[PDB]
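Notes follow the structure.
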Amino acid sequence: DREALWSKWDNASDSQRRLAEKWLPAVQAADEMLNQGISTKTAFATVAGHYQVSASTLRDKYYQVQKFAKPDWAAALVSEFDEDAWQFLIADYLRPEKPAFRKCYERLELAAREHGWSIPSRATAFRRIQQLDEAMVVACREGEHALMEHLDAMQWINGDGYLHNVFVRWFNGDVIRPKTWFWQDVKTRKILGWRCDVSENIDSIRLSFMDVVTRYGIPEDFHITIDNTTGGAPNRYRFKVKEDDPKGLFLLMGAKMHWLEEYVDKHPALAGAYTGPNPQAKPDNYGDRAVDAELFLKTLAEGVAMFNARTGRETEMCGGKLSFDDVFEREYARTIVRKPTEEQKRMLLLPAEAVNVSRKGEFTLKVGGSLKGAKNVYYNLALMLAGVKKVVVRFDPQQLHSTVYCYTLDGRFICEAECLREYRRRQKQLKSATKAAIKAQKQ
Amino acid sequence: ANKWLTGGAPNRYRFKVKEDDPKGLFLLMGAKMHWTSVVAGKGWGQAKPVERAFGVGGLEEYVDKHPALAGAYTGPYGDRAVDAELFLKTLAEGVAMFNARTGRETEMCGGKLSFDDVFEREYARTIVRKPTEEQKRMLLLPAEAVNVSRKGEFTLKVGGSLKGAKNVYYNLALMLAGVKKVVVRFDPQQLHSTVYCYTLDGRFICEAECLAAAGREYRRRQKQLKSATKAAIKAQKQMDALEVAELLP
DNA sequence: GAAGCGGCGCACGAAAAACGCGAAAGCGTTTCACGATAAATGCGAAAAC
């Protein structure tokens, strides 16, 4: 078997291979002289004469390589210690603690002393630690497991969210860190739409999508991706909105569902609000520094515009020359899209949590929050004329004073109905009664 | 053959190629090299044939003058130059046709057979040996040492005479043992698929592969996730249990 | 303002492949003997001219 021999040739150093290379023409030339029947003496004297080599060495090596085939002649020319201590050390390093090697080793020395174990050299120990596995380190921290056709413009869009590090004073006066959801065209990388709000919830996604399909339309083959590899909650309209299934609406749009920090967060105008990744940051300065919602949102819109308009984008489509806007304007004109009807757009208007319907076929929504306070009562004959107890109300905040649309709890449209700080005081009082009691318990 | 006896620029492939010495390699394969038209001590005649048509020149009829390349043929344009793939296909077919051509007037063919016929006949009457993997890999060109990341991947920036691309290669043996730098052996024609990694002192380590769609790729993704979680528990239990049982204090 | 852990480079020593000197055995071609047989030469006698 020439496998072990050739692996020995292979594993040899460059210097060793060079040595074999140097020794090969001398052995081969020698073979020629003997074939001619030249005296061994004259042949070796001649080779040792022309080539600087010991005649005896050449002779000996020739006989050694004689038994080997000629193509392989080159390849021819080329810790006992206590397992308990070793196990103890390995056991120690693999702990999530992951102590320093030299110190863990010293501890091991103490244990070895107590048990009388014969330990190997620190260098040997660590060497063997390297020899263990890439997987073992992960075994200690569970780390690696945490890592592990033609596309038209508008054909495939990706949705992503972003939590801002900038403090903004919102429309309701509260100072918060806004969260914005963005829709991006996968091919051209152009941002097609966005919506910003006080927290992460479906509304910003839904409405940014609405912005995207209203502005650019709905393609005939529509793919949407949100990599997850429901929001709702009370009551910005004083009535709760909403536990639903957005999923159905997306599938209905004819969409197949799949599962700037420099421009916004780092813009000069917000410098008092953005703190930066500062581990130590004084909280005493910031209540005054929080920027206005209008300024933040304007800076955001301009940041998006500048991100899209930025040339020198290194992508296939831009070829290091054009901007996302250029390639989007170019490719969008080569795709076939359809505009959404008024009805479709209205079906996307916001869902209110189920309200009770009386025997008379009327129900109530207590309007408030960002809208003018009022207790709206809606009515229709179809509500009293068939089976219903609870009903989901779909509405446009701007049209609450006139027409809403009632749906059954399972989603079937029934008919439309015509129209015939509050809880924050409790929230604040609760806050004070917390803080005072908390300080009193701390002391 | 003077110009053929000289290696081009070490960066003709963009990334640097290590300089070596071919004569030794030929001699090592068990080949006796000659630089003249005859073999001394043998009555075998000359290397080059007297009939031009029986030699390399005989291919000009099949290649350079083939109808598909006629527009780019200049004889012994920026719009006319033909594609590399078309030229090389025409070349391969020209070689195939040159070899398969019957009526060859040589002793062996006797005015009847083709070069292919007589070669198939005589080759079966000769004693040859197949080359082992080491021999075959040693003829590949050597690239200067490239860095290997913790993930066991390294990069080669393809360019020069080859189509530009930034090739990234990978293997598990690279992350699984001791290595920082590695020498890459390759065939320019096979850079897009398989290369062979050697240690800086010349030891072969392993070979590396160049790294509706999203879903099948997803299948292979998970399929490769589970085996990684599999070899995790395997390498665990052998060096674990009793050790972990002793650690308690 | 201070110190420790990690990583890398230099030296020692020892075992395993090695090198130069031989040397004998394997082995081929040659060796010498020794002896016996023929055959080539020695002598004489008898017949022949």
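Order determines the names: the first chain of the structure tokens is A, the second B, and so forth; residues in each chain are numbered 1 upward, and ligands are numbered 1 upward as they are shown.
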When the cut-off is 6 Å and we count only C-alpha atoms, which residues of chain A are near chain B, given as a compact mmCIF listing (two decimals) with N, CA and C atoms, in the first residue's frame?
```
# COMPACT_ATOMS: atom_id res chain seq x y z
N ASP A 10 3.48 13.51 1.32
CA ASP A 10 2.57 14.64 1.39
C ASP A 10 2.83 15.45 2.65
N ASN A 11 2.90 14.77 3.80
CA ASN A 11 3.11 15.44 5.08
C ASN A 11 4.52 16.01 5.27
N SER A 13 8.03 18.17 4.87
CA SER A 13 8.33 19.59 4.82
C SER A 13 8.80 19.95 3.41
N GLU A 21 14.02 15.78 -4.09
CA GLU A 21 14.17 16.29 -5.45
C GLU A 21 15.64 16.31 -5.83
N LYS A 70 9.13 2.90 -9.22
CA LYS A 70 9.81 4.14 -9.60
C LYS A 70 9.05 5.47 -9.40
N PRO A 71 7.73 5.48 -9.61
CA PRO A 71 7.01 6.73 -9.31
C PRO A 71 6.98 7.09 -7.83
N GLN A 87 -9.83 14.87 34.31
CA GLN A 87 -11.28 14.98 34.33
C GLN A 87 -11.71 16.15 35.21
N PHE A 88 -11.03 16.33 36.34
CA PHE A 88 -11.34 17.41 37.28
C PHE A 88 -11.17 18.76 36.57
N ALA A 91 -13.67 19.34 33.79
CA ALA A 91 -14.93 19.60 34.45
C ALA A 91 -15.00 21.06 34.88
N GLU A 134 -14.01 22.39 19.01
CA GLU A 134 -14.63 23.69 18.88
C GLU A 134 -15.97 23.66 19.61
N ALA A 135 -16.64 22.51 19.50
CA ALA A 135 -17.95 22.27 20.10
C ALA A 135 -18.01 22.31 21.62
```
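Close contacts of residue 316 of chain A, defined as residues with an atom at most 10 Å away when counting only C-alpha atoms (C1' of nucleotides), with chain neighbours fewer than 3 positions off set aside, comprise residues 187, 188, 313, 319, 320 and 321 of chain A.
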Take the residues from that selection and write them out as a short mmCIF file (atom, residue, chain, number, x, y, z; two decimals), in the first residue's frame, keeping N, CA and C atoms.
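The resulting file, result.cif, is shown below:
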```cif
data_model
loop_
_atom_site.label_atom_id
_atom_site.label_comp_id
_atom_site.auth_asym_id
_atom_site.auth_seq_id
_atom_site.Cartn_x
_atom_site.Cartn_y
_atom_site.Cartn_z
N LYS A 187 -35.07 43.75 -4.07
CA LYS A 187 -34.22 43.94 -5.25
C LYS A 187 -33.41 45.24 -5.28
N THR A 188 -34.09 46.37 -5.13
CA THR A 188 -33.44 47.68 -5.25
C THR A 188 -32.95 48.26 -3.92
N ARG A 313 -23.91 53.19 -4.14
CA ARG A 313 -24.36 51.98 -3.48
C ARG A 313 -23.69 50.79 -4.12
N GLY A 319 -24.39 48.72 -9.36
CA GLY A 319 -23.07 48.58 -9.95
C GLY A 319 -22.06 49.60 -9.48
N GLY A 320 -22.14 49.96 -8.19
CA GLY A 320 -21.26 50.93 -7.58
C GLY A 320 -21.45 52.36 -8.07
N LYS A 321 -22.45 52.57 -8.93
CA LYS A 321 -22.71 53.90 -9.48
C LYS A 321 -24.05 54.51 -9.06
#
```
Tell me, which residues of segment 79-195 of chain B carry DSSP strand (DSSP E), written as a compact mmCIF listing (two decimals) with N, CA and C atoms, in the first residue's frame?
```txt
# COMPACT_ATOMS: atom_id res chain seq x y z
N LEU B 141 -1.51 24.15 -8.90
CA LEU B 141 -0.76 25.35 -8.60
C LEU B 141 -0.97 25.72 -7.14
N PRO B 142 0.10 26.17 -6.47
CA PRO B 142 0.06 26.63 -5.08
C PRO B 142 -0.14 28.15 -4.93
N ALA B 143 -1.13 28.53 -4.13
CA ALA B 143 -1.42 29.92 -3.81
C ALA B 143 -0.73 30.27 -2.50
N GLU B 144 -0.34 31.53 -2.32
CA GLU B 144 0.29 31.95 -1.08
C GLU B 144 -0.67 31.78 0.08
N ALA B 145 -0.11 31.52 1.26
CA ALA B 145 -0.90 31.26 2.46
C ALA B 145 -1.99 32.29 2.70
N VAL B 146 -3.20 31.80 2.97
CA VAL B 146 -4.34 32.65 3.26
C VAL B 146 -4.78 32.41 4.70
N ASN B 147 -5.43 33.39 5.31
CA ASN B 147 -5.85 33.23 6.70
C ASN B 147 -7.14 32.44 6.81
N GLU B 153 -13.03 28.94 7.48
CA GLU B 153 -13.23 29.44 6.12
C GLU B 153 -12.09 30.38 5.76
N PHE B 154 -11.79 30.48 4.47
CA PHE B 154 -10.74 31.39 4.01
C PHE B 154 -11.14 31.99 2.67
N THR B 155 -10.45 33.04 2.23
CA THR B 155 -10.85 33.71 0.99
C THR B 155 -9.72 33.84 -0.02
N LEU B 156 -10.11 33.77 -1.28
CA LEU B 156 -9.23 33.96 -2.42
C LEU B 156 -9.91 34.96 -3.34
N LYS B 157 -9.20 36.03 -3.67
CA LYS B 157 -9.74 37.05 -4.55
C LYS B 157 -9.34 36.73 -5.99
N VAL B 158 -10.29 36.17 -6.73
CA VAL B 158 -10.06 35.77 -8.11
C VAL B 158 -10.09 36.99 -9.03
N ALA B 165 -14.15 37.65 -9.11
CA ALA B 165 -15.04 37.09 -8.11
C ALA B 165 -14.25 36.99 -6.81
N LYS B 166 -14.95 37.00 -5.69
CA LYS B 166 -14.31 36.86 -4.39
C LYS B 166 -14.77 35.51 -3.86
N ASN B 167 -13.93 34.50 -4.06
CA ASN B 167 -14.28 33.15 -3.65
C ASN B 167 -13.98 32.88 -2.18
N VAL B 168 -14.94 32.27 -1.49
CA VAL B 168 -14.80 31.91 -0.09
C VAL B 168 -14.90 30.40 0.04
N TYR B 169 -13.88 29.77 0.62
CA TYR B 169 -13.90 28.32 0.77
C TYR B 169 -14.05 27.92 2.23
N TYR B 170 -14.51 26.69 2.44
CA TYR B 170 -14.82 26.19 3.78
C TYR B 170 -14.68 24.68 3.94
N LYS B 181 -2.98 29.87 9.35
CA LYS B 181 -2.75 30.13 7.94
C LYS B 181 -2.72 28.80 7.20
N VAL B 182 -3.05 28.85 5.92
CA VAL B 182 -3.12 27.65 5.11
C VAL B 182 -2.75 27.95 3.65
N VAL B 183 -2.06 27.01 3.03
CA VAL B 183 -1.68 27.14 1.62
C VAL B 183 -2.73 26.44 0.78
N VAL B 184 -3.21 27.12 -0.25
CA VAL B 184 -4.28 26.58 -1.07
C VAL B 184 -3.74 26.06 -2.39
N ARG B 185 -4.05 24.82 -2.73
CA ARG B 185 -3.64 24.24 -4.00
C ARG B 185 -4.87 24.19 -4.88
N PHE B 186 -4.73 24.58 -6.14
CA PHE B 186 -5.89 24.68 -7.01
C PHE B 186 -5.58 24.50 -8.48
N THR B 194 -13.64 22.95 -6.05
CA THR B 194 -12.81 22.28 -5.04
C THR B 194 -11.33 22.68 -5.02
N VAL B 195 -10.85 23.05 -3.83
CA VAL B 195 -9.44 23.38 -3.64
C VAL B 195 -8.89 22.47 -2.55
```
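With the cut-off set to 10 Å and only C-alpha atoms (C1' of nucleotides) counted, chain A residues close to chain C are residues 54, 56, 57, 60, 100, 101, 102 and 103 of chain A.
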Just write the chosen residues, C-alpha atoms, as a compact mmCIF listing (two decimals), in the first residue's frame.
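Heads up, here's the output in part24.txt:
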```txt
# COMPACT_ATOMS: atom_id res chain seq x y z
CA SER A 54 28.93 10.23 -0.82
CA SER A 56 28.31 4.92 -0.22
CA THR A 57 25.12 6.82 0.58
CA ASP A 60 22.79 2.26 -0.02
CA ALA A 100 -8.77 31.59 34.09
CA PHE A 101 -6.71 28.63 32.89
CA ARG A 102 -3.61 29.26 35.03
CA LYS A 103 -5.67 29.77 38.19
```
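One distance worth recording is that between atom CA of residue 161 of chain B and atom CA of residue 12 of chain B, which is 6.3 Å.
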* Mind giving me the straight-line distance from atom CA of residue 46 of chain A to atom CA of residue 44 of chain B in Å, one decimal? => 27.9 Å
I need the residues in segment 231-389 of chain A that are helix (DSSP H, G or I) according to DSSP; give them as a compact mmCIF listing (two decimals) with N, CA, C and O atoms, in the first residue's frame.
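Result saved to selection38.txt:
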```
# COMPACT_ATOMS: atom_id res chain seq x y z
N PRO A 246 -54.37 39.63 11.15
CA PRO A 246 -53.83 40.49 10.09
C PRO A 246 -53.51 39.65 8.88
O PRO A 246 -53.63 40.05 7.71
N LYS A 247 -53.08 38.44 9.23
CA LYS A 247 -52.65 37.42 8.31
C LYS A 247 -53.66 37.26 7.16
O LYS A 247 -53.28 37.28 5.98
N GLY A 248 -54.93 37.09 7.52
CA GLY A 248 -56.00 36.97 6.53
C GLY A 248 -56.06 38.15 5.58
O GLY A 248 -56.22 37.96 4.37
N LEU A 249 -55.93 39.36 6.12
CA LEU A 249 -55.95 40.59 5.31
C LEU A 249 -54.80 40.60 4.28
O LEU A 249 -55.01 40.97 3.11
N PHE A 250 -53.61 40.19 4.71
CA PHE A 250 -52.45 40.13 3.82
C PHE A 250 -52.68 39.11 2.70
O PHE A 250 -52.40 39.39 1.54
N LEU A 251 -53.15 37.91 3.07
CA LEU A 251 -53.47 36.88 2.07
C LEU A 251 -54.54 37.38 1.09
O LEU A 251 -54.54 37.01 -0.09
N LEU A 252 -55.46 38.20 1.59
CA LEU A 252 -56.54 38.77 0.77
C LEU A 252 -56.03 39.83 -0.22
O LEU A 252 -56.56 39.95 -1.32
N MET A 253 -55.00 40.58 0.18
CA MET A 253 -54.40 41.59 -0.71
C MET A 253 -53.78 40.95 -1.96
O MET A 253 -53.45 41.64 -2.93
N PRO A 268 -27.27 65.41 13.95
CA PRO A 268 -26.89 66.56 14.80
C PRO A 268 -28.04 67.25 15.56
O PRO A 268 -27.84 67.64 16.71
N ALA A 269 -29.21 67.41 14.95
CA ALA A 269 -30.36 68.09 15.57
C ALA A 269 -30.95 67.40 16.81
O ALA A 269 -31.66 68.02 17.60
N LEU A 270 -30.71 66.09 16.93
CA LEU A 270 -31.20 65.28 18.04
C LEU A 270 -30.13 65.00 19.11
O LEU A 270 -30.37 64.23 20.05
N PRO A 283 -28.56 60.50 33.89
CA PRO A 283 -30.00 60.64 33.68
C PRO A 283 -30.56 62.04 34.02
O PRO A 283 -31.67 62.37 33.59
N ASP A 284 -29.80 62.83 34.77
CA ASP A 284 -30.24 64.16 35.23
C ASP A 284 -30.41 65.21 34.12
O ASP A 284 -31.14 66.19 34.30
N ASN A 285 -29.70 65.03 33.01
CA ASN A 285 -29.75 65.99 31.90
C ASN A 285 -30.94 65.85 30.93
O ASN A 285 -31.30 66.81 30.25
N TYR A 286 -31.53 64.65 30.84
CA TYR A 286 -32.32 64.26 29.65
C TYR A 286 -33.78 64.73 29.56
O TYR A 286 -34.31 64.83 28.46
N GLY A 287 -34.45 64.92 30.70
CA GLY A 287 -35.84 65.38 30.67
C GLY A 287 -36.02 66.68 29.89
O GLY A 287 -37.09 66.94 29.33
N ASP A 288 -34.96 67.48 29.86
CA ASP A 288 -34.92 68.75 29.14
C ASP A 288 -34.53 68.58 27.67
O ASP A 288 -34.92 69.36 26.82
N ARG A 289 -33.71 67.57 27.42
CA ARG A 289 -33.15 67.29 26.09
C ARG A 289 -34.05 66.57 25.08
O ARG A 289 -33.82 66.69 23.88
N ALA A 293 -41.70 65.47 18.74
CA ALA A 293 -42.14 64.43 17.81
C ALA A 293 -42.03 64.89 16.35
O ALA A 293 -41.63 64.12 15.49
N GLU A 294 -42.42 66.14 16.10
CA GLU A 294 -42.38 66.71 14.75
C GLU A 294 -40.96 66.81 14.18
O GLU A 294 -40.73 66.52 13.00
N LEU A 295 -40.01 67.16 15.04
CA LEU A 295 -38.61 67.28 14.65
C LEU A 295 -38.01 65.91 14.41
O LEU A 295 -37.27 65.71 13.44
N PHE A 296 -38.31 64.97 15.30
CA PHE A 296 -37.82 63.60 15.15
C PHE A 296 -38.34 62.98 13.86
O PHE A 296 -37.57 62.41 13.10
N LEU A 297 -39.65 63.07 13.65
CA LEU A 297 -40.29 62.52 12.45
C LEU A 297 -39.87 63.20 11.14
O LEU A 297 -39.84 62.56 10.08
N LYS A 298 -39.52 64.49 11.21
CA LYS A 298 -39.05 65.19 10.02
C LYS A 298 -37.64 64.71 9.72
O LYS A 298 -37.30 64.44 8.56
N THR A 299 -36.82 64.61 10.76
CA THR A 299 -35.45 64.12 10.63
C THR A 299 -35.46 62.68 10.10
O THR A 299 -34.59 62.28 9.33
N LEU A 300 -36.45 61.90 10.53
CA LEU A 300 -36.63 60.52 10.10
C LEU A 300 -36.97 60.48 8.61
O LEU A 300 -36.35 59.75 7.85
N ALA A 301 -37.96 61.29 8.20
CA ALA A 301 -38.36 61.32 6.80
C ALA A 301 -37.22 61.77 5.87
O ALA A 301 -37.03 61.21 4.78
N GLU A 302 -36.45 62.74 6.34
CA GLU A 302 -35.32 63.26 5.56
C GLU A 302 -34.19 62.23 5.53
O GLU A 302 -33.48 62.11 4.53
N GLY A 303 -34.02 61.50 6.63
CA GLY A 303 -33.03 60.45 6.70
C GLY A 303 -33.34 59.32 5.74
O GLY A 303 -32.44 58.73 5.14
N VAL A 304 -34.63 59.00 5.61
CA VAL A 304 -35.07 57.96 4.69
C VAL A 304 -34.84 58.43 3.25
O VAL A 304 -34.31 57.68 2.41
N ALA A 305 -35.22 59.68 2.98
CA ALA A 305 -35.04 60.27 1.65
C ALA A 305 -33.57 60.28 1.23
O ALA A 305 -33.24 59.95 0.08
N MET A 306 -32.70 60.64 2.16
CA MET A 306 -31.26 60.68 1.91
C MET A 306 -30.64 59.29 1.79
O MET A 306 -29.68 59.10 1.04
N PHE A 307 -31.17 58.33 2.54
CA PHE A 307 -30.70 56.95 2.47
C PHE A 307 -31.00 56.38 1.08
O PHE A 307 -30.17 55.70 0.48
N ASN A 308 -32.21 56.66 0.60
CA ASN A 308 -32.64 56.18 -0.72
C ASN A 308 -31.93 56.89 -1.87
O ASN A 308 -31.58 56.26 -2.87
N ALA A 309 -31.74 58.19 -1.73
CA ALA A 309 -31.11 59.00 -2.77
C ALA A 309 -29.58 58.86 -2.83
O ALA A 309 -28.96 59.32 -3.79
N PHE A 324 -30.32 53.69 -4.77
CA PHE A 324 -31.47 52.81 -4.66
C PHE A 324 -32.67 53.38 -5.43
O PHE A 324 -33.44 52.64 -6.04
N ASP A 325 -32.79 54.71 -5.40
CA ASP A 325 -33.86 55.41 -6.10
C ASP A 325 -33.78 55.22 -7.62
O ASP A 325 -34.79 54.96 -8.27
N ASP A 326 -32.58 55.35 -8.18
CA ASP A 326 -32.34 55.18 -9.61
C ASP A 326 -32.75 53.79 -10.09
O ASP A 326 -33.56 53.65 -11.03
N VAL A 327 -32.21 52.76 -9.45
CA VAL A 327 -32.50 51.38 -9.84
C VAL A 327 -33.96 51.01 -9.58
O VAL A 327 -34.54 50.22 -10.32
N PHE A 328 -34.57 51.59 -8.54
CA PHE A 328 -35.98 51.32 -8.28
C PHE A 328 -36.85 51.94 -9.36
O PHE A 328 -37.80 51.31 -9.83
N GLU A 329 -36.54 53.17 -9.74
CA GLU A 329 -37.31 53.86 -10.78
C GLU A 329 -37.15 53.13 -12.11
O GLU A 329 -38.07 53.09 -12.93
N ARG A 330 -35.97 52.56 -12.32
CA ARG A 330 -35.70 51.79 -13.53
C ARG A 330 -36.44 50.45 -13.59
O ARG A 330 -37.06 50.12 -14.60
N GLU A 331 -36.36 49.66 -12.51
CA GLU A 331 -36.99 48.34 -12.48
C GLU A 331 -38.50 48.35 -12.28
O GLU A 331 -39.19 47.47 -12.79
N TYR A 332 -39.01 49.32 -11.53
CA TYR A 332 -40.45 49.40 -11.27
C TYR A 332 -41.23 49.62 -12.57
O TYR A 332 -42.37 49.18 -12.70
N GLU A 342 -60.85 51.61 -3.71
CA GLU A 342 -61.22 52.30 -2.48
C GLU A 342 -61.72 51.32 -1.41
O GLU A 342 -61.42 51.49 -0.23
N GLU A 343 -62.51 50.33 -1.84
CA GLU A 343 -63.05 49.32 -0.93
C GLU A 343 -61.95 48.54 -0.19
O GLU A 343 -62.03 48.36 1.03
N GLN A 344 -60.97 48.03 -0.94
CA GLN A 344 -59.83 47.31 -0.36
C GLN A 344 -59.15 48.15 0.73
O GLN A 344 -58.92 47.67 1.84
N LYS A 345 -58.82 49.39 0.38
CA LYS A 345 -58.19 50.34 1.30
C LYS A 345 -59.05 50.58 2.55
O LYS A 345 -58.52 50.75 3.65
N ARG A 346 -60.37 50.63 2.37
CA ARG A 346 -61.29 50.83 3.49
C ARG A 346 -61.40 49.59 4.38
O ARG A 346 -61.70 49.70 5.57
N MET A 347 -61.17 48.40 3.81
CA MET A 347 -61.21 47.15 4.57
C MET A 347 -60.02 47.03 5.54
O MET A 347 -60.02 46.22 6.46
N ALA A 382 -80.35 45.37 10.65
CA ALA A 382 -79.82 44.02 10.46
C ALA A 382 -79.25 43.46 11.76
O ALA A 382 -79.08 42.24 11.89
N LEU A 383 -78.92 44.34 12.70
CA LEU A 383 -78.37 43.90 13.98
C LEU A 383 -79.44 43.31 14.90
O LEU A 383 -79.16 42.40 15.69
N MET A 384 -80.66 43.83 14.83
CA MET A 384 -81.75 43.30 15.65
C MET A 384 -82.50 42.18 14.92
O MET A 384 -83.27 41.44 15.51
N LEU A 385 -82.27 42.09 13.62
CA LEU A 385 -83.07 41.22 12.76
C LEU A 385 -82.46 39.84 12.56
O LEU A 385 -83.09 38.95 11.98
```
* **Residue contacts of residue 169 of chain A (7 Å, only C-alpha atoms (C1' of nucleotides)) excluding same-chain residues fewer than 2 positions away, as an MDAnalysis selection string** => chainID A and resid 167 171 173:176 290:293
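Across the model, the gap from atom CA of residue 52 of chain A to atom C1' of residue 24 of chain C is 29.6 Å.
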